[PDB]
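Trainee: My sequence and its experimental structure, below.
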Amino acid sequence: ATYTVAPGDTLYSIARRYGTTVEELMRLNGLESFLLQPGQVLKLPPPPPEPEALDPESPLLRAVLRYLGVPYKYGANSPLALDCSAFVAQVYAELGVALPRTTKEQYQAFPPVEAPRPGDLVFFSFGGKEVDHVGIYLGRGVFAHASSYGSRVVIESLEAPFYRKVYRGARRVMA
Amino acid sequence: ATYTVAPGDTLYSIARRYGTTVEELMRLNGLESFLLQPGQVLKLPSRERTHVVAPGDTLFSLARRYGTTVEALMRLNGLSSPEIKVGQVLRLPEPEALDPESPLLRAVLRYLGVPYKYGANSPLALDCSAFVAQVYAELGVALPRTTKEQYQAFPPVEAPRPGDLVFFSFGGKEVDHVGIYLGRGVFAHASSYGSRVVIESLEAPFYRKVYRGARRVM
């Protein structure tokens, strides 16, 4: 019937918790803005499990964020297939985890995890031929990698059609 | 040349400072990994410098011009006397932005990977702008719901600075998509694939093509 907004709550989190939508929640409360102060009482029209997710202050994310939007070129005129696995190694280096240079080695050296969790490496076949691209899974179906566009570091969705197609599996490198 | 590793230093950060690549930096030092202890001493690449002796030049004058002695400049070139002739070749010795600790970026990162679906059956043109309004709600700025309203109700800006709303026309008919420009030419938005929030490059061919300008709400 009624919900009282707790600190950190959002219209998204509340709508999702009670199996409705932000729209319905705004309509039924006559809200015209997404602004939400603690103690605010919202009318409402079995809590679902929470996806594992990195913290904005996590060592893994902070490392990724340092390079976010920055092109990561391994050598003078190095190909993307080298840049992507060199970026992955560089991030993990900031965490004390040594990693092999090449995407291939990274793929073969580590044990396969069927459903990846925050920290695992996800691999793809861009050219179709072989596993030739790698990124760092961040949780919630997104991963960080050096992209085709100038090897700039970006965060994209694993559940995009292109990536679902070029997908090649995940590997574990930490605990 | 020589550099000693400080805590928090990386191959990338070191290569950048001394104007070289991570690849060469590893090869030259026989590194088997990117792992770098703060007690380490990495050999830096040395650049080759030559000088063709012009009229008026002497070994004493060239010594103080490049930062060396006449004796040092003599060994390197295998001379016995300070004699150089005109035309002789002498060897000679020897931008970012993003801040994780930021109100705007703290809020954005809160939604990474989240499928921000505003309604039960809402279009991406609505999802993306609801998301933008959602992030700014945590920064005390009340924005409209729709893309169309965020587009034509705020001052247009030539180039975008972090925070500004970047607009696109995925459809072609009208402006129907919006994101939050973060800096370094990347923007946060609800993606077409599943309304998932991602952070993509503004400089990708497609987005550079369907770009429709930037607006300032702050």
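Mentor: Looks like it arrived, so ask away. Residues are numbered from 1 along each chain as shown, chains lettered A, B, ... in the order given.
Trainee: Beyond the longest strand along chain A, next helix or strand please.
Mentor: In chain A, assigned by DSSP state E, the strand with the most residues is strand A:133-139. Per DSSP states H and E, strand A:133-139 leads on to strand A:142-146 as the next helix or strand towards the C-terminus.
Trainee: now for the following helix or strand past that next one, which elements pack on it?
Mentor: Using DSSP H and E, the next helix or strand after strand A:142-146 towards the C-terminus is strand A:153-157. If contacts are counted by 3 or more Cβ pairs under 8 Å, 6 or more residues apart in numbering or on different chains; DSSP states H and E, strand A:153-157 sits against helix A:59-67, strand A:142-146, strand B:197-201. For every residue, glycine as well, the C-beta is placed using N, CA and C.
Trainee: 10 Å - rerun?
Mentor: Applying 3 or more Cβ pairs under 10 Å, 6 or more residues apart in numbering or on different chains; DSSP states H and E, one finds that strand A:153-157 contacts helix A:59-67, helix A:80-93, strand A:133-139, strand A:142-146, helix A:161-166, strand B:186-190, strand B:197-201.
Trainee: And residue A:118, how far from residue B:202?
Mentor: 26 Å (Cβ to Cβ, to the nearest Å).
Trainee: ignore the last one, residue A:66
Mentor: According to Cβ to Cβ, residue A:66 stands 19 Å off from residue B:202.
Trainee: per-domain residue ranges of chain A.
Mentor: Domain segmentation of chain A under curated CATH domains yields A:1-45, A:52-175.
Trainee: so how far is the longest one from its chain's centroid?
Mentor: This means domain A:52-175. 10 Å (Cα atoms, centre = their mean, to the nearest Å).
Trainee: Next, the contact list for residue A:36, please.
Mentor: A:5-11, A:13-14, A:42, B:134, B:137-138 (Cβ atoms under 10 Å, 6 or more residues apart in numbering or on different chains).
Trainee: Quick check on it: phi, psi?
Mentor: Main-chain torsions, residue A:36, degrees, to the nearest 10: phi -140, psi 110.
Trainee: again with the one 4 residues further on
Mentor: With angles defined as degrees, to the nearest 10, residue A:40 sits at phi -70, psi 130.
Trainee: Go ahead and confirm it touches residue A:5.
Mentor: Yes. Assessed by Cβ atoms under 10 Å, residue A:40 is found in contact with residue A:5 at 4.3 Å.
Trainee: And the two? Which one has more around it.
Mentor: Comparing residue A:40 with residue A:5 by other Cβ atoms under 10 Å in any protein chain shown, the one with more neighbours is residue A:5, at 17 against 14.
Trainee: quick one: contacts for the more buried one?
Mentor: By Cβ under 10 Å, 6+ apart, the contact list for residue A:5 reads A:11, A:13-14, A:36-42.
Trainee: Quick one: buried ones out of those?
Mentor: Buried members of the contacts of residue A:5, scored by 16 or more other Cβ atoms under 10 Å in any protein chain shown, are A:11, A:13-14, A:36, A:42.
Trainee: Can you verify my assumption that residue A:37 contacts residue A:7?
Mentor: Yes. Counting by Cβ under 10 Å, residue A:37 touches residue A:7, with 9.5 Å between them.
Trainee: Pull the number of nearby residues for residue A:56.
Mentor: 18.
Trainee: how about the nearest residue to it, chain neighbours excluded?
Mentor: Leaving aside its chain neighbours, residue A:56 sits nearest to residue B:109 (4.5 Å; criterion: Cβ to Cβ, 6 or more residues apart in numbering or on different chains).
Trainee: For residue A:7, give me its contacts.
Mentor: A:36-39.
Trainee: er, residue A:149 I mean
Mentor: A:71, A:80, B:185, B:200-208.
Trainee: ok, now with 7 Å
Mentor: B:201, B:203-204 (Cβ atoms under 7 Å, 6 or more residues apart in numbering or on different chains).
Trainee: just residue A:25 next, same as before
Mentor: A:11, A:14-15, A:42.
Trainee: can you check residue A:81 too?
Mentor: By Cβ under 7 Å, 6+ apart, the contact list for residue A:81 reads A:103, A:132-133.
Trainee: repeat for residue A:152
Mentor: Taking Cβ under 7 Å, 6+ apart as the criterion, residue A:152 is in contact with A:69-71, B:201.
Trainee: Residues in a beta bridge with it, which ones?
Mentor: Using DSSP bridges, the beta-bridge partners of residue A:152 come out as residue A:71.
Trainee: Next: residue A:133.
Mentor: residue A:124.
Trainee: I figured it hits residue A:103, correct?
Mentor: Yes. Here residue A:133 reaches residue A:103: they are 6.5 Å apart, a contact under Cβ atoms under 7 Å.
Trainee: so what sits against both of these two?
Mentor: Counting by Cβ under 7 Å, 6+ apart, the common neighbours of residue A:133 and residue A:103 are A:81, A:84, A:123.
Trainee: All set now, cheers.
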